[PDB]
Amino acid sequence: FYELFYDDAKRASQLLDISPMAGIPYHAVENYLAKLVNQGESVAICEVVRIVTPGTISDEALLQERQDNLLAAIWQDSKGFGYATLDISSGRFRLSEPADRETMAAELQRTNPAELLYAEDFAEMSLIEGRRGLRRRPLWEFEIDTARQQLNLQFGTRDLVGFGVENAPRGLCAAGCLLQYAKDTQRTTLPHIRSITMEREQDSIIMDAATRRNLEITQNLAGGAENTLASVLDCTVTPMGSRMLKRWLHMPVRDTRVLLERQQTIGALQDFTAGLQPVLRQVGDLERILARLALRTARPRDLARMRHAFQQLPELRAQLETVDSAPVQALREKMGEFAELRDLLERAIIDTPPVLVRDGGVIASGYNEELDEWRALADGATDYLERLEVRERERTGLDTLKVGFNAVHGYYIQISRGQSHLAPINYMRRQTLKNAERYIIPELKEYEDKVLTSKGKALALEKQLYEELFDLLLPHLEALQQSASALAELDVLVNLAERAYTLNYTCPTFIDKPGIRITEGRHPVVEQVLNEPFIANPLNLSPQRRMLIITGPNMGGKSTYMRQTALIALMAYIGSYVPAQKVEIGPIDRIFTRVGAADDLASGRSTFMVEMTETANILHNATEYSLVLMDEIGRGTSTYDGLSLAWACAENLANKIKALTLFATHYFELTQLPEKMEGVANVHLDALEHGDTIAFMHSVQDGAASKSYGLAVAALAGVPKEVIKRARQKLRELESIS
Amino acid sequence: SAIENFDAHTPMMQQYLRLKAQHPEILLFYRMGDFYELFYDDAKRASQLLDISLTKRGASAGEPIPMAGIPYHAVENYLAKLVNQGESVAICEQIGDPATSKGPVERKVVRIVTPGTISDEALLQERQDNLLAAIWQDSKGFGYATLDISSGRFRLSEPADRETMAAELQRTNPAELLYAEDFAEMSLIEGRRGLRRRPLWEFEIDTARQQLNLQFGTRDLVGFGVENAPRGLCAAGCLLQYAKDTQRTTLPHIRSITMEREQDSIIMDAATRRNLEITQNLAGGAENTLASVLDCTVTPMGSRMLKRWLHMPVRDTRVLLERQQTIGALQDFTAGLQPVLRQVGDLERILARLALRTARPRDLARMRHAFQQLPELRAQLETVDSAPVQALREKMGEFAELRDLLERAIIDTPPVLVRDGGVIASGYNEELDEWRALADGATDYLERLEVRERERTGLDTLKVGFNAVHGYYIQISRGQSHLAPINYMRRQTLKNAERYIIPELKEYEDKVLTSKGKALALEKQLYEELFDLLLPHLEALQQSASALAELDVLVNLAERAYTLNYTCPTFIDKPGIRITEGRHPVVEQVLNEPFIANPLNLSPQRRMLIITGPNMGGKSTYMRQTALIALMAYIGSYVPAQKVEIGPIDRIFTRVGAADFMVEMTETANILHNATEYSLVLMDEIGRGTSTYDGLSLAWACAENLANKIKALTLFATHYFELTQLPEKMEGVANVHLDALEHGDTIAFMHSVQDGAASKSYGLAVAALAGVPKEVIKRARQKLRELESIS
DNA sequence: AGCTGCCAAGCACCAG
DNA sequence: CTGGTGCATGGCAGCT
Ligand SMILES: Nc1ncnc2c1ncn2[C@@H]1O[C@H](COP(=O)(O)OP(=O)(O)O)[C@@H](O)[C@H]1O
Ligand SMILES: [Cl-]
Ligand SMILES: [Cl-]
Ligand SMILES: [Cl-]
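Sequence order for the protein chains is B and A. Here the first sequence stands for residues 36 to 54, 67 to 94, 110 to 800, where the numbers follow the deposited numbering. Here the second sequence stands for residues 2 to 661, 670 to 800, where the numbers follow the deposited numbering.
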């Protein structure tokens, strides 16, 4: 009668579509929780037993197979932002101290919690207000002292200088709240969470949210991983590899040595792609199975598949023996064999065990001698009762007699009605049905004790011998994790080498001065979805050629050449081969892309006001080591104010900063900077006006544009001949003051 | 792979396949026993759509048949899932009595559930219409028809071209759309939910004419006005054929067809309807729309009427004026009426289920309850001195006699279904009471028997009980079962009990049961006889429910007009809009900060207004509130202003920015082609260019065409100052702007419309504000100056 | 104050 | 031939 989640669940049924009285049936509860937790709801239920949150789940039902699922904690100190991100499924722990708001944007974009944690002291709500899975936390939780002790307790030693996170408090606070929230939901220790690291910005190539979205790295603009760079590159054969590949794409790195290693790896492995993958496909999501082992929730089929992986190691060892590559061999060693455990599990568990342990049938016969005997006793008792059925049927002549069973009455003999009158004298009746009568006899109950007590003693030992396995395997968890790390990395590398082969990517060769030198380069995502031949394009950007002014019609052609550039760098500085014939590329410290739509529109500020704020970010932070992409800025204001701003912008980018820029514009006036400035040149996109359409060429020729194709499109859109004729007049007369 | 000849299938499957063959594409619920079965693909597909298990049904030879199914009583929930996923289901039943059947009992498909023909409450949304529509492209134009099966509203139009057809579908939003196989222009239709590809022969004109006429019961269709709409009549032909084939009873509530023709309403293209946020916001939701502000109606059938009215503003003066002098007249009575109207409820659809002979007892319950409010409203509306309100009151009626019948026939507050008894109240039928006497007189007698026997035996635990299988029994705990009389014939056994029968008990079981069942079948006759009595007054009852709906809307609008402070607009001869203190009807309510009122003055002399200012400055709101004030005026409503004076309007255009290109250029082309001097046109960006003065040259030429030739009333907002040069060159084009001021370090917006073009575009000030380095802002200021030296 | 498995009813199966 | 059984999902009696 009283209360419940009914009122707050009519809320979430309103937003999953199942209906103050809405609900879910029992048989699909795990699938329905799978989508509330999906969109971030801290559930725990009863028509309390179990507790589940969106940031702390390990059940492979409730997690999306191919993507990370992080729990994170944020707070805005008087000085700066403190932030931490845990992967409850791998024990991958991150900690960070963003300085400015723009850094705290770029993290939240890259990382993307399914369950955020935040404090009252936090006043910059515009950063996280419209976020999935928001939870609110007190003062005490963000603590610095209990944190250290609780952290150092979790990990190992009496200090965190080994992890390198010691003299950075704002991050330790986040971490402190996070771990203590995560152990709470679990109500069990977390041995897999054995370390923690802090990314140092200065290492990775820095990409802000707007840049990270506009490139569509893991996520397209609409919301999916459809039609995105991941989609085209992720041909990995294990889920843990898929995850790793994505984390890699968002974290391109500047240590050109760490890259060169990955390039020589992709090289050596390029031939073994054929039969290195069908083996690796069978390693499965070991990284997550191992997490269910740490949390002691790993089901029979988790251990069965863990074993199946162990079978693939000597084969992978044997294949990677051939590979003449120092770093590939490091990964061969790190993959390990664990042959003793392979044997333990083969002996300890049958072919294909059931979904759950609850009802026995998991531990294979031979492993433990006690358990075998009990089964034979229980098969022993099962035997006589089958005999008894036959014994009794032919003895009485009643062909419809049956020995049956349920928890209500235990074992029972069942004659049908009509034949029921011929029931033996000693047959104690017990239960009449529409067309049957059920009896018991002294012997039956005697053997019923036999079957049940036998089963019960074997079934309760299965669970001991099972829980034992964990105490036998968990000591190695250390190495086991580094195996599934090494494996997931093979998946990724062996993929990045196959992709390079069957998409004809070249190997970029880095230079020490800033500059890009693409030769027949393409947008890695478009050249696949497009079913017409992709027109490749060149690019040269020495510091003698610092900025290209791109004029002529946009229509996607411009904002591709630009976007394909940023991706050929991204892909370079991630070690992967790149979609081109040759690519020499210099160091890049930051990638900026102010390209495409958007527009807010939630904050009442407009497109333009957005574009400028994005352009403000660029000008303030862009170094001579940065790539800068600027789709036709200056639209949506008076022709003069926008030309002045595009001029003023190009001026400061072409001189004060010097950054490697592609500057798209419609303004013809801007095509005079090659005459007024050092190191700035003109390129344009053509169109051909064939038949009854205009073909928007995507080929980048040199020089400014000598034609504007606006009126031309108007004619094709149905705009009356008379008006375009009158437009043409006014164009001519506006252009011949300029 | 097996050859399956007809004669090889088991007798059951033969009856299935000739039935499924009649419905090859849609799912088929095959009533078999207490379940509705599905088979083969129907079973696999149905298993996935419903989360029900797939299974086998055994065969002698050959592979077993796939099967899924659900119990006949759980049927609705599952129909609900399927209909809300756009699937149709054919509901097939058992006709004959299987006891008198040696072979398979006769089985017929009795109705078909489809997303466009649903009429039961549990499957429809209350505050929203759910229409079925048919679409047909001729050698010359289009034919489109709509039906509201749960109210009978059956309309017909013949859209001129691709773009109007686009308007209509956007507006009506049918939940199921019947198109001919040879439909030429498919980008109009594909994607849409509940599509239904119909064979060309279903759009035959003669069949349509003859079949519409049979249904309406007239010789020709001249009184309806649709005798000269061939194309329309066709789509209506197919829309009707479908309706009958889905329902499979007669449809007496579908009694009339009227025709929509564009001249009778302000036409509004897809973009316009979506941009004005009339019933759906810019981001899909129903929140912060014109209707969220206006709909405070108290019944669902009113909400839906208002929502329709909002989308089809009438141009006929008399209706408008009548509506006005009603809204005014009813200003004070908007507390006396409303809560009494609330209790009338969704009578519209209740009468639909009555038309279909499908109404549940509680539908009658709520129908009675609604009738009881009619003398309480009649006595209220008499007082009001309003010529139309009396006409509506006359229309509303009383149904003194029928309110009576429902008080005598049915109980206080009945169960959900008739199915198993308890609906018809005492004294309505003596024979039902005779059989209920026998029932009650046998039950209490059996309880006397309980006591009678407990003495006769002394056994204290003796009970009398009833179980569905065995029936009436005498229960003795096993602890005393031995002490049971020799009279007692043991019938059922349990673990701690033993149940018996005696020929007295079984004699009175057979009387209580036989008499209970005679009551049931009699209630079921009595209940299905109510329809026979009420149906004769369907027409009168329908137009009453209509009058209650319209009143619900008008009463609401009156209250709205008071609560939110609107004024009555007046209409003029010439085109024009003269607004005094014109505020945005939705944006004024969502704000906390008092909404700045703002005038407007458009006439044939002053027909275009170039709106300068900066973005964020309030430019769009101004344009939008202009169209919204116009639309409300033209549904008869009061207006969010002080004094609004408005000329005849035929269309309202919207070219407000953001594509998804080429789009914006077409929507512009659409305006230039179809705009007359009675239309209102609101534009943000007519289309971008690819060079500096490229696209700007279009805007100029277009403004010129709208001003010189079309002479539409235009509101053109723009940042391009080259266009504030237009009032100098062009006749009847003026300059206005939204005021903003820089107080040094930041910038504020006045939201007030001033004459003359803005002092400057604040492009640079906004960039500065956005964070662009002072450093660079300065540079731009210098480059500006030199541009204005030659300008 | 839950859970378990009989049963609903048509028709086909199939073991005696 | 006769008398048993299978087979969807839901409801309730018969048991803790
Ligand atoms: N008359 C007004 N009074 C008060 N606020 C207004 C008024 N007009 C507009 N606003 C507010 O100004 C904001 C921007 O208005 P909008 O018309 O979108 O500007 P623009 O069209 O120039 O970009 C809106 O969010 C609205 O809340
Ligand atoms: Cl058992
Ligand atoms: Cl009507
Ligand atoms: Cl502006």
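Ideal Cβ placement from N, Cα and C applies to all residues, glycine included.
Bridge partner(s) assigned by DSSP for residue i
i	result
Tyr473 (chain B)	B:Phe467
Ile612 (chain B)	B:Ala726 and B:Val745
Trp137 (chain B)	B:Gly144
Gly70 (chain A)	A:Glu38
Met260 (chain B)	B:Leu157
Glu646 (chain A)	A:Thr571 and A:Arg579
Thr458 (chain B)	None, per the DSSP bridge assignment.
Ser266 (chain B)	B:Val315
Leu178 (chain B)	B:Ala134 and B:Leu196
Chain-order list of residues whose beta-carbon lies under 8 Å from that of residue i (same chain, five-residue window excluded)
i	result
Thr444 (chain B)	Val513
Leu681 (chain B)	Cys711, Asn714, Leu715 and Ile719
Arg369 (chain A)	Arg404, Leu407, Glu408 and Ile411
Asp98 (chain A)	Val106
Buried/exposed call for residue i, threshold 16 Cβ in 10 Å
i	result
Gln138 (chain B)	buried
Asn557 (chain A)	buried
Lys103 (chain A)	exposed
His74 (chain B)	exposed
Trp310 (chain A)	buried
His483 (chain B)	exposed
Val452 (chain A)	exposed
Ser61 (chain A)	exposed
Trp709 (chain A)	buried
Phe532 (chain B)	exposed
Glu560 (chain A)	buried
Close-in-space but distant-in-sequence residues of the same chain around residue i (CB under 7 Å, 5 per side omitted)
i	result
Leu178 (chain B)	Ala134, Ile136, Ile190, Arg193, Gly195, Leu196 and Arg197
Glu349 (chain A)	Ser152, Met302, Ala546 and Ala550
Contact set between residue i and chain A, taken where Cβ atoms lie within less than 8 Å
i	result
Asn714 (chain B)	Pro782, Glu784, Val785 and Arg788
Proximal residues of chain A, C-beta to C-beta of residue i below 7 Å
i	result
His760 (chain B)	Under the 7 Å cutoff, chain A gives no residues; its nearest Cβ is about 14 Å from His760 (chain B).
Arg667 (chain B)	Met617
Contacts that residue i makes with chain B (C-beta to C-beta distance below 9 Å)
i	result
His483 (chain A)	Near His483 (chain A) there are no residues of chain B at all, since even the closest Cβ is about 13 Å away, more than 9 Å.
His585 (chain A)	Going along chain B, no residue has its Cβ under 9 Å from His585 (chain A), so there is no contact; the nearest lies around 14 Å.
Closer than 9 Å at the beta carbon, the chain A residues around residue i
i	result
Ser798 (chain B)	Here the premise fails: no neighbours, minimum Cβ distance about 10 Å.
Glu731 (chain B)	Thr701 and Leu796
Cβ shell of residue i (< 6 Å), same chain only, five flanking positions each side left out
i	result
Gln476 (chain B)	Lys464, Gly466, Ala498 and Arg500
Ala426 (chain B)	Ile411 and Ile412
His24 (chain A)	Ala91
Chain B contact residues for residue i, given Cβ-Cβ distances below 7 Å
i	result
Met674 (chain A)	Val775, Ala776, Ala779 and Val781
Problem set entry | Runs of alpha helix (DSSP H) wholly within the stretch 537-611 of chain A (minimum 4 residues, chain order) | Whole alpha helix (DSSP H) segments, 4+ residues: 539-564 and 588-591.
For this session: Any chance you could list the alpha helix (DSSP H) runs of at least 4 consecutive residues sitting entirely within the stretch 483-517 of chain A, in chain order?
Result: With a minimum length of 4 residues, there is no unbroken run of alpha helix (DSSP H) contained wholly in the stretch 483-517 of chain A.
Problem set entry | Within the stretch 54-120 of chain A, ranges of the beta strand (DSSP E) (whole runs, at least 3 residues) | Fully enclosed beta strand (DSSP E) runs of 3 or longer: 56-58, 66-72, 90-95 and 108-114.
Problem set entry | alpha helix (DSSP H) segments (min. 4 residues) lying fully within the stretch 645-705 of chain B | Runs of alpha helix (DSSP H) with 4 or more residues, each lying fully within the stretch 645-705 of chain B, are found at 671-683, listed in chain order.
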